[PDB]
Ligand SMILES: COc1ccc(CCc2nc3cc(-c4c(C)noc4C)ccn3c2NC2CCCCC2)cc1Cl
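Shown below, as structure tokens, is a lone chain in the form solved without the ligand; questions about how it binds or moves come after it.
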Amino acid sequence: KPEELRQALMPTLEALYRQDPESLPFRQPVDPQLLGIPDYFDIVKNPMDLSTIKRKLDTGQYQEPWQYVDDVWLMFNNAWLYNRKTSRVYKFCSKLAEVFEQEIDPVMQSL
């Protein structure tokens, strides 16, 4: 059931929000104009961020855990792609990806 999924997945997501500073650039959608990065949507075809994932989860749009996971991977993949390995966002992203693997694994298990 939707709330059953939401209850099982939401802590996963909260684990991502609560990483300071690492989640700071992932909490809103990337604004290429406002960030001065006009080539963003030339490289990143399908953007994803924490606010978007939360809104989908909150509103029943993942019928199955793996679809939720796909959107979290997409968010990491877009950031590793666009950003330099040396950059702040790229390393924040790496941190969040470890936090996410750690939390998502036993949730998939009991689910």
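Residue indices: 1-based, along the sequence shown.
Another form, the form deposited with the ligand bound, is not on view; read the next lines as being about it.
Interface membership of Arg18, defined by any non-hydrogen atom within 4.5 Å of the ligand in the bound PDB entry, is ruled out. Although the partner is absent here, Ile43 is not a contact residue: none of its heavy atoms lies within 4.5 angstroms of the ligand in the bound PDB entry. Interface residue remark: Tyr62 is not counted as part of the site for the ligand in the bound PDB entry, having no heavy atom within 4.5 Å.
Using a 4.5 angstroms threshold between heavy atoms, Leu24 counts as touching the ligand in the bound PDB entry.
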